[PDB]
Amino acid sequence: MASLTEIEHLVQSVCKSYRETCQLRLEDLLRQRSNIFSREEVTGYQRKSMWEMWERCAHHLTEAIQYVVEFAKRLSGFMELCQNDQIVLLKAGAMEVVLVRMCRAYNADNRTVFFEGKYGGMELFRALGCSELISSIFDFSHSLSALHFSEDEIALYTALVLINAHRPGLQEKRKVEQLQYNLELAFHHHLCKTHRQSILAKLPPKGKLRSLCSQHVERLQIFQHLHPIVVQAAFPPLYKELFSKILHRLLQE
Ligand SMILES: O=C(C1CCS(=O)(=O)CC1)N1CC[C@](c2ccc(OCc3ccccc3)cc2)(S(=O)(=O)c2ccc(F)cc2)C1
């Protein structure tokens with residue numbers, strides 16, 4: 001199954017689907033690198049309440065995940081899977097895709113991330129009270145920045161993060177397996193053609209993405225236990241569904 005001309009076509013459709021749903025253009029994020037938060041603006045974030053910061057971050061994550069849902073819907077073969085499998089793959093992989101996509105918004109020169117219009121370091125998130133999770137995210141982006149990914153590499157690698165046949169809950173495991181194998185062939189074909197197979201050994205282990213997602217869910221249970229009405233009243237419904245039937249509605253459209 002699948003010849004070279006079908007694998008090359010798969011490369012281009014994955015790359016196109018990603019460009020159409022990448023949220024912020026790479027050029028836009030790069031042209032903003034000199035726009036950094038002043039020490040007074042950083043102090044303003046540190047002085048914000050923990051629940052306000054948690055609500056702003058959960059809001060930004062939700063928006064980014066909505067683009068990931070759109071990337072999945074445009075991905076060859078994903079809409080062909082059953083709804084249960086689509087939801088299982090999105091519930092487990094949407095946050096993982098966002099964690100990879102996030103390296104485009106990270107400047108490794110000053111160790112800053114693009115957040116709410118300007119670049120800021122780890123210290124911008126001190127009010128969250130989850131320094132271990134923040135450092136883990138920042139280190140993860142630092143590690144991905146050393147790979148010097150092209151937009152096409154991120155498109156192909158994020159399609160594979162999402163189409164994972166080993167996710168618990170899958171009803172048509174073989175159909176996801178076949179789709180995964182085709183995307184793996186297309187990612188490796190593209191790396192071989194561009195003389196970039198050296199990155200395979202340097203890609204993060206699968207347990208690193210699982211550890212980041214786990215730390216997120218753990219820090220959320222801590223925050224929710226202290227502010228259950230804040231999560232209930234001010235957190236996005238899609239966020240609560242994923243981490244605490246929006247997905248079904250987003251997939252129907
Ligand atoms: O970077 C993006 C976007 C990706 C798509 S794009 O087009 O390149 C524009 C940028 N992000 C989308 C949202 C972001 C996000 C990342 C991780 C995350 O983890 C869960 C969490 C929740 C609450 C507290 C701590 C951690 C939540 C949101 S963010 O808010 O900017 C943020 C950033 C750093 C950080 F350390 C914490 C929050 C990253």
# chains A, B, ... in the order shown; residues from 1 in each chain; ligands from 1
$ select_by_dssp --residues "range 13-146 of chain A" --states "strand (DSSP E or B)" --output "list in words"
residues 36, 106, 107, 112, 113, 114, 115, 118, 119 and 120 of chain A
$ write_last_selection --atoms "C-alpha atoms" --output "PDB file, in the first residue's frame"
ATOM      1  CA  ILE A  36       9.611  42.477  25.047  1.00  0.00           C
ATOM      2  CA  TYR A 106       9.880  30.786  21.823  1.00  0.00           C
ATOM      3  CA  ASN A 107      13.043  32.909  21.392  1.00  0.00           C
ATOM      4  CA  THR A 112      11.261  34.262  26.204  1.00  0.00           C
ATOM      5  CA  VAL A 113       7.863  33.200  24.969  1.00  0.00           C
ATOM      6  CA  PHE A 114       5.313  35.309  22.980  1.00  0.00           C
ATOM      7  CA  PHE A 115       2.407  35.947  25.365  1.00  0.00           C
ATOM      8  CA  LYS A 118       4.973  40.744  23.793  1.00  0.00           C
ATOM      9  CA  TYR A 119       7.850  38.415  24.703  1.00  0.00           C
ATOM     10  CA  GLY A 120       8.497  37.474  28.315  1.00  0.00           C
TER      11      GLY A 120
END
$ residues_near_ligand --ligand "ligand 1" --cutoff "6 Å" --atoms "only C-alpha atoms and all ligand atoms" --output "PyMOL selection string"
chain A and resi 22-24+54+57-58+60-61+64+98+101-102+104-105+115+134+137+216
$ write_last_selection --atoms "C-alpha atoms" --output "CSV table (one decimal), in the first residue's frame"
chain,number,residue,atom,x,y,z
A,22,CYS,CA,-1.0,27.3,12.3
A,23,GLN,CA,-2.8,30.2,14.3
A,24,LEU,CA,0.1,32.8,14.1
A,54,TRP,CA,-4.8,30.5,35.6
A,57,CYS,CA,-3.6,30.7,30.5
A,58,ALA,CA,-6.5,28.3,30.2
A,60,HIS,CA,-5.0,30.9,25.6
A,61,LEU,CA,-4.6,27.2,25.6
A,64,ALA,CA,-4.6,27.2,20.5
A,98,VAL,CA,0.2,22.7,21.3
A,101,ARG,CA,3.6,24.3,18.1
A,102,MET,CA,4.7,26.5,21.1
A,104,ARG,CA,7.6,28.8,17.1
A,105,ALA,CA,6.7,31.4,19.8
A,115,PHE,CA,2.4,35.9,25.4
A,134,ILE,CA,6.5,26.3,33.8
A,137,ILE,CA,7.4,23.8,29.4
A,216,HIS,CA,-0.6,20.0,33.7
$ residues_around --residues "residue 215 in chain A" --least-positions-apart "3" --cutoff "9 Å" --atoms "only C-alpha atoms" --output "PyMOL selection string"
chain A and resi 132-133+136+210-212+218-220
$ write_last_selection --atoms "C-alpha atoms" --output "PDB file, in the first residue's frame"
ATOM      1  CA  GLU A 132       8.012  23.103  38.047  1.00  0.00           C
ATOM      2  CA  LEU A 133       5.409  22.886  35.199  1.00  0.00           C
ATOM      3  CA  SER A 136       9.328  21.975  32.201  1.00  0.00           C
ATOM      4  CA  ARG A 210       3.139  12.533  28.468  1.00  0.00           C
ATOM      5  CA  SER A 211       5.005  13.908  31.532  1.00  0.00           C
ATOM      6  CA  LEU A 212       4.182  17.566  30.568  1.00  0.00           C
ATOM      7  CA  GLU A 218      -1.906  17.487  38.369  1.00  0.00           C
ATOM      8  CA  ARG A 219      -1.389  21.252  38.804  1.00  0.00           C
ATOM      9  CA  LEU A 220      -4.992  21.766  37.564  1.00  0.00           C
TER      10      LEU A 220
END
$ closest_residue --among "A:124, A:208, A:235, A:75" --to "residue 141 in chain A" --atoms "only C-alpha atoms"
A:208
$ closest_residue --among "A:242, A:231, A:165, A:176" --to "residue 78 in chain A" --atoms "only C-alpha atoms"
A:176
$ closest_residue --among "A:221, A:110, A:17, A:43" --to "residue 69 in chain A" --atoms "only C-alpha atoms"
A:17
$ residues_around --residues "residue 48 in chain A" --least-positions-apart "6" --cutoff "10 Å" --atoms "only C-alpha atoms" --output "PDB file with C-alpha atoms, in the first residue's frame"
ATOM      1  CA  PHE A 125       4.153  33.234  35.058  1.00  0.00           C
ATOM      2  CA  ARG A 126       5.256  33.340  38.735  1.00  0.00           C
ATOM      3  CA  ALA A 127       1.672  34.095  39.954  1.00  0.00           C
ATOM      4  CA  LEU A 128       0.509  30.666  38.697  1.00  0.00           C
TER       5      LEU A 128
END
$ closest_residue --among "A:73, A:190, A:25, A:174" --to "residue 11 in chain A" --atoms "only C-alpha atoms"
A:190
$ closest_residue --among "A:142, A:37, A:251, A:234" --to "residue 67 in chain A" --atoms "only C-alpha atoms"
A:251
$ atom_distance --atom1 "CA of residue 171 in chain A" --atom2 "CA of residue 82 in chain A"
8.2 Å
$ closest_residue --among "A:161, A:226, A:26, A:200" --to "residue 180 in chain A" --atoms "only C-alpha atoms"
A:161
$ select_by_dssp --residues "range 32-207 of chain A" --states "alpha helix (DSSP H)" --output "PyMOL selection string"
chain A and resi 39-47+50-74+83-101+131-145+151-162+173-193+206-207
$ atom_distance --atom1 "CA of residue 4 in chain A" --atom2 "CA of residue 194 in chain A"
15.4 Å
$ residues_around --residues "residue 7 in chain A" --least-positions-apart "6" --cutoff "12 Å" --atoms "only C-alpha atoms" --output "JSON list (two decimals) with N, CA and C atoms, in the first residue's frame"
[["chain", "number", "residue", "atom", "x", "y", "z"],
["A", 1, "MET", "N", 0.82, -1.21, 0.00],
["A", 1, "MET", "CA", 0.00, 0.00, 0.00],
["A", 1, "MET", "C", 0.86, 1.26, 0.00],
["A", 13, "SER", "N", -0.14, 17.57, 1.49],
["A", 13, "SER", "CA", -1.43, 17.85, 2.11],
["A", 13, "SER", "C", -1.28, 18.12, 3.61],
["A", 14, "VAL", "N", -0.34, 17.46, 4.31],
["A", 14, "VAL", "CA", -0.11, 17.68, 5.75],
["A", 14, "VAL", "C", 0.45, 19.08, 5.95],
["A", 76, "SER", "N", -5.73, 14.31, 6.29],
["A", 76, "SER", "CA", -6.11, 13.16, 5.47],
["A", 76, "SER", "C", -6.35, 11.92, 6.34],
["A", 156, "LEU", "N", 4.53, 17.85, 9.80],
["A", 156, "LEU", "CA", 4.63, 16.41, 9.76],
["A", 156, "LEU", "C", 4.79, 15.76, 11.13],
["A", 179, "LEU", "N", -2.94, 4.76, 9.22],
["A", 179, "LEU", "CA", -2.81, 6.21, 9.05],
["A", 179, "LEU", "C", -1.49, 6.70, 9.64],
["A", 181, "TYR", "N", 1.25, 4.89, 10.07],
["A", 181, "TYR", "CA", 2.34, 4.36, 9.27],
["A", 181, "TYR", "C", 2.57, 5.22, 8.03],
["A", 182, "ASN", "N", 1.48, 5.64, 7.36],
["A", 182, "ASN", "CA", 1.55, 6.52, 6.20],
["A", 182, "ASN", "C", 2.19, 7.88, 6.52],
["A", 183, "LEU", "N", 1.79, 8.49, 7.64],
["A", 183, "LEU", "CA", 2.37, 9.75, 8.07],
["A", 183, "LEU", "C", 3.84, 9.58, 8.50],
["A", 184, "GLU", "N", 4.19, 8.44, 9.10],
["A", 184, "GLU", "CA", 5.57, 8.18, 9.52],
["A", 184, "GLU", "C", 6.46, 8.08, 8.27],
["A", 185, "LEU", "N", 5.97, 7.38, 7.23],
["A", 185, "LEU", "CA", 6.66, 7.24, 5.96],
["A", 185, "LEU", "C", 6.86, 8.62, 5.33],
["A", 186, "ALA", "N", 5.81, 9.46, 5.34],
["A", 186, "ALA", "CA", 5.85, 10.80, 4.78],
["A", 186, "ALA", "C", 6.81, 11.72, 5.54],
["A", 187, "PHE", "N", 6.83, 11.62, 6.89],
["A", 187, "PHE", "CA", 7.77, 12.40, 7.70],
["A", 187, "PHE", "C", 9.20, 11.95, 7.37],
["A", 188, "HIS", "N", 9.48, 10.63, 7.40],
["A", 188, "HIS", "CA", 10.82, 10.14, 7.11],
["A", 188, "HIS", "C", 11.24, 10.37, 5.64],
["A", 189, "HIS", "N", 10.30, 10.30, 4.69],
["A", 189, "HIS", "CA", 10.59, 10.58, 3.29],
["A", 189, "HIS", "C", 11.03, 12.04, 3.13],
["A", 190, "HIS", "N", 10.29, 12.95, 3.75],
["A", 190, "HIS", "CA", 10.62, 14.37, 3.74],
["A", 190, "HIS", "C", 11.99, 14.63, 4.40]]
$ residues_around --residues "residue 18 in chain A" --least-positions-apart "5" --cutoff "9 Å" --atoms "only C-alpha atoms" --output "PyMOL selection string"
chain A and resi 13+68+71+74-75+151-152+154-156+158-159
$ write_last_selection --atoms "N, CA, C and O atoms" --output "compact mmCIF listing (two decimals), in the first residue's frame"
# COMPACT_ATOMS: atom_id res chain seq x y z
N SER A 13 -0.14 17.57 1.49
CA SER A 13 -1.43 17.85 2.11
C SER A 13 -1.28 18.12 3.61
O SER A 13 -2.02 18.95 4.11
N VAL A 68 -5.81 23.36 16.66
CA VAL A 68 -5.37 21.98 16.58
C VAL A 68 -6.53 21.08 16.13
O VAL A 68 -6.32 20.21 15.29
N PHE A 71 -6.80 21.55 12.47
CA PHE A 71 -5.69 20.85 11.80
C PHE A 71 -6.07 19.36 11.63
O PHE A 71 -5.90 18.80 10.54
N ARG A 74 -8.72 18.75 8.95
CA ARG A 74 -8.14 18.87 7.61
C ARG A 74 -7.12 17.79 7.27
O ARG A 74 -6.65 17.72 6.15
N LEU A 75 -6.73 16.99 8.24
CA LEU A 75 -5.76 15.94 8.09
C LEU A 75 -6.37 14.74 7.38
O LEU A 75 -7.38 14.20 7.82
N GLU A 151 8.84 24.83 9.09
CA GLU A 151 7.38 24.76 9.26
C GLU A 151 6.85 23.40 8.79
O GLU A 151 5.96 22.82 9.43
N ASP A 152 7.44 22.87 7.69
CA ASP A 152 7.06 21.58 7.15
C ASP A 152 7.39 20.46 8.13
O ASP A 152 6.61 19.51 8.25
N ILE A 154 7.47 20.69 11.45
CA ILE A 154 6.49 20.81 12.53
C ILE A 154 5.15 20.27 12.08
O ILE A 154 4.51 19.55 12.83
N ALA A 155 4.74 20.56 10.84
CA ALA A 155 3.49 20.03 10.29
C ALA A 155 3.46 18.49 10.32
O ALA A 155 2.53 17.91 10.90
N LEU A 156 4.53 17.85 9.80
CA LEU A 156 4.63 16.41 9.76
C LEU A 156 4.79 15.76 11.13
O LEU A 156 4.13 14.73 11.40
N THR A 158 3.83 17.12 14.14
CA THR A 158 2.57 17.30 14.88
C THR A 158 1.44 16.40 14.38
O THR A 158 0.59 16.01 15.18
N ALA A 159 1.42 16.05 13.08
CA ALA A 159 0.43 15.11 12.57
C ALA A 159 0.65 13.73 13.21
O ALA A 159 -0.30 13.05 13.57
$ atom_distance --atom1 "CA of residue 79 in chain A" --atom2 "CA of residue 173 in chain A"
14.9 Å
$ closest_atom_pairs --of "range 135-160 of chain A" --to "range 202-207 of chain A" --cutoff "9 Å" --atoms "only C-alpha atoms" --output "Markdown table"
| residue | atom | partner | partner_atom | distance |
| --- | --- | --- | --- | --- |
| A:140 | CA | A:204 | CA | 8.5 |
| A:143 | CA | A:204 | CA | 8.1 |
| A:144 | CA | A:203 | CA | 7.8 |
| A:147 | CA | A:202 | CA | 7.5 |
$ write_last_selection --atoms "N, CA and C atoms" --output "PDB file, in the first residue's frame"
ATOM      1  N   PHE A 140      11.315  22.330  27.537  1.00  0.00           N
ATOM      2  CA  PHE A 140      10.837  21.586  26.394  1.00  0.00           C
ATOM      3  C   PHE A 140      10.937  22.423  25.106  1.00  0.00           C
ATOM      4  N   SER A 143      14.615  22.785  24.084  1.00  0.00           N
ATOM      5  CA  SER A 143      15.082  21.571  23.467  1.00  0.00           C
ATOM      6  C   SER A 143      14.610  21.502  22.009  1.00  0.00           C
ATOM      7  N   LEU A 144      13.350  21.863  21.720  1.00  0.00           N
ATOM      8  CA  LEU A 144      12.847  21.847  20.338  1.00  0.00           C
ATOM      9  C   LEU A 144      13.485  22.935  19.478  1.00  0.00           C
ATOM     10  N   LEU A 147      16.619  22.021  17.553  1.00  0.00           N
ATOM     11  CA  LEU A 147      16.445  21.224  16.351  1.00  0.00           C
ATOM     12  C   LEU A 147      16.278  22.089  15.092  1.00  0.00           C
TER      13      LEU A 147
END
$ decode --residues "range 24-45 of chain A" --atoms "N, CA, C and O atoms" --output "PDB file, in the first residue's frame"
ATOM      1  N   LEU A  24      -0.719  31.595  14.339  1.00  0.00           N
ATOM      2  CA  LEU A  24       0.068  32.784  14.059  1.00  0.00           C
ATOM      3  C   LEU A  24       1.110  32.446  13.036  1.00  0.00           C
ATOM      4  O   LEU A  24       1.717  31.372  13.109  1.00  0.00           O
ATOM      5  N   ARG A  25       1.308  33.333  12.053  1.00  0.00           N
ATOM      6  CA  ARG A  25       2.329  33.097  11.023  1.00  0.00           C
ATOM      7  C   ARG A  25       3.701  33.162  11.667  1.00  0.00           C
ATOM      8  O   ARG A  25       3.901  33.960  12.584  1.00  0.00           O
ATOM      9  N   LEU A  26       4.657  32.346  11.186  1.00  0.00           N
ATOM     10  CA  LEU A  26       6.009  32.357  11.747  1.00  0.00           C
ATOM     11  C   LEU A  26       6.658  33.738  11.619  1.00  0.00           C
ATOM     12  O   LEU A  26       7.256  34.214  12.588  1.00  0.00           O
ATOM     13  N   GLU A  27       6.465  34.407  10.460  1.00  0.00           N
ATOM     14  CA  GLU A  27       6.984  35.755  10.193  1.00  0.00           C
ATOM     15  C   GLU A  27       6.468  36.751  11.238  1.00  0.00           C
ATOM     16  O   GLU A  27       7.245  37.555  11.742  1.00  0.00           O
ATOM     17  N   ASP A  28       5.168  36.676  11.580  1.00  0.00           N
ATOM     18  CA  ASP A  28       4.558  37.534  12.586  1.00  0.00           C
ATOM     19  C   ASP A  28       5.208  37.352  13.935  1.00  0.00           C
ATOM     20  O   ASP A  28       5.469  38.354  14.596  1.00  0.00           O
ATOM     21  N   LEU A  29       5.495  36.091  14.345  1.00  0.00           N
ATOM     22  CA  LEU A  29       6.142  35.821  15.635  1.00  0.00           C
ATOM     23  C   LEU A  29       7.590  36.279  15.641  1.00  0.00           C
ATOM     24  O   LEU A  29       8.078  36.692  16.691  1.00  0.00           O
ATOM     25  N   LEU A  30       8.291  36.179  14.503  1.00  0.00           N
ATOM     26  CA  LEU A  30       9.684  36.606  14.433  1.00  0.00           C
ATOM     27  C   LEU A  30       9.821  38.116  14.422  1.00  0.00           C
ATOM     28  O   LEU A  30      10.681  38.645  15.120  1.00  0.00           O
ATOM     29  N   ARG A  31       8.957  38.822  13.663  1.00  0.00           N
ATOM     30  CA  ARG A  31       8.995  40.295  13.568  1.00  0.00           C
ATOM     31  C   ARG A  31       8.667  41.002  14.898  1.00  0.00           C
ATOM     32  O   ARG A  31       8.963  42.190  15.028  1.00  0.00           O
ATOM     33  N   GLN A  32       8.118  40.247  15.900  1.00  0.00           N
ATOM     34  CA  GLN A  32       7.760  40.717  17.247  1.00  0.00           C
ATOM     35  C   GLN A  32       8.848  40.456  18.298  1.00  0.00           C
ATOM     36  O   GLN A  32       8.648  40.828  19.452  1.00  0.00           O
ATOM     37  N   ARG A  33       9.969  39.798  17.934  1.00  0.00           N
ATOM     38  CA  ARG A  33      10.998  39.386  18.903  1.00  0.00           C
ATOM     39  C   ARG A  33      11.625  40.494  19.745  1.00  0.00           C
ATOM     40  O   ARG A  33      12.043  40.241  20.880  1.00  0.00           O
ATOM     41  N   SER A  34      11.733  41.691  19.179  1.00  0.00           N
ATOM     42  CA  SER A  34      12.280  42.882  19.850  1.00  0.00           C
ATOM     43  C   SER A  34      11.250  43.558  20.788  1.00  0.00           C
ATOM     44  O   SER A  34      11.634  44.342  21.654  1.00  0.00           O
ATOM     45  N   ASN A  35       9.956  43.214  20.638  1.00  0.00           N
ATOM     46  CA  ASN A  35       8.852  43.677  21.466  1.00  0.00           C
ATOM     47  C   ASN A  35       8.764  42.799  22.730  1.00  0.00           C
ATOM     48  O   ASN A  35       8.057  41.789  22.747  1.00  0.00           O
ATOM     49  N   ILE A  36       9.492  43.193  23.780  1.00  0.00           N
ATOM     50  CA  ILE A  36       9.611  42.477  25.047  1.00  0.00           C
ATOM     51  C   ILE A  36       8.959  43.246  26.205  1.00  0.00           C
ATOM     52  O   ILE A  36       9.079  44.466  26.270  1.00  0.00           O
ATOM     53  N   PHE A  37       8.311  42.536  27.133  1.00  0.00           N
ATOM     54  CA  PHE A  37       7.711  43.159  28.306  1.00  0.00           C
ATOM     55  C   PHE A  37       8.738  43.877  29.179  1.00  0.00           C
ATOM     56  O   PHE A  37       9.769  43.295  29.528  1.00  0.00           O
ATOM     57  N   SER A  38       8.435  45.128  29.577  1.00  0.00           N
ATOM     58  CA  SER A  38       9.301  45.900  30.481  1.00  0.00           C
ATOM     59  C   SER A  38       9.236  45.328  31.899  1.00  0.00           C
ATOM     60  O   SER A  38       8.277  44.626  32.218  1.00  0.00           O
ATOM     61  N   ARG A  39      10.223  45.641  32.762  1.00  0.00           N
ATOM     62  CA  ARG A  39      10.235  45.144  34.147  1.00  0.00           C
ATOM     63  C   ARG A  39       8.954  45.522  34.918  1.00  0.00           C
ATOM     64  O   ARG A  39       8.503  44.757  35.769  1.00  0.00           O
ATOM     65  N   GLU A  40       8.349  46.685  34.589  1.00  0.00           N
ATOM     66  CA  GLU A  40       7.098  47.126  35.208  1.00  0.00           C
ATOM     67  C   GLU A  40       5.938  46.240  34.735  1.00  0.00           C
ATOM     68  O   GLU A  40       5.046  45.924  35.517  1.00  0.00           O
ATOM     69  N   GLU A  41       5.946  45.844  33.460  1.00  0.00           N
ATOM     70  CA  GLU A  41       4.911  44.968  32.931  1.00  0.00           C
ATOM     71  C   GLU A  41       5.048  43.545  33.498  1.00  0.00           C
ATOM     72  O   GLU A  41       4.037  42.924  33.819  1.00  0.00           O
ATOM     73  N   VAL A  42       6.280  43.081  33.713  1.00  0.00           N
ATOM     74  CA  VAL A  42       6.541  41.764  34.305  1.00  0.00           C
ATOM     75  C   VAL A  42       6.059  41.755  35.756  1.00  0.00           C
ATOM     76  O   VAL A  42       5.394  40.807  36.174  1.00  0.00           O
ATOM     77  N   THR A  43       6.338  42.853  36.502  1.00  0.00           N
ATOM     78  CA  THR A  43       5.891  43.035  37.893  1.00  0.00           C
ATOM     79  C   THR A  43       4.350  43.039  37.947  1.00  0.00           C
ATOM     80  O   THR A  43       3.770  42.403  38.817  1.00  0.00           O
ATOM     81  N   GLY A  44       3.710  43.667  36.968  1.00  0.00           N
ATOM     82  CA  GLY A  44       2.256  43.648  36.834  1.00  0.00           C
ATOM     83  C   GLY A  44       1.690  42.242  36.723  1.00  0.00           C
ATOM     84  O   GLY A  44       0.700  41.931  37.375  1.00  0.00           O
ATOM     85  N   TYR A  45       2.331  41.354  35.922  1.00  0.00           N
ATOM     86  CA  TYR A  45       1.891  39.958  35.827  1.00  0.00           C
ATOM     87  C   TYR A  45       2.117  39.213  37.140  1.00  0.00           C
ATOM     88  O   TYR A  45       1.244  38.466  37.590  1.00  0.00           O
TER      89      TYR A  45
END
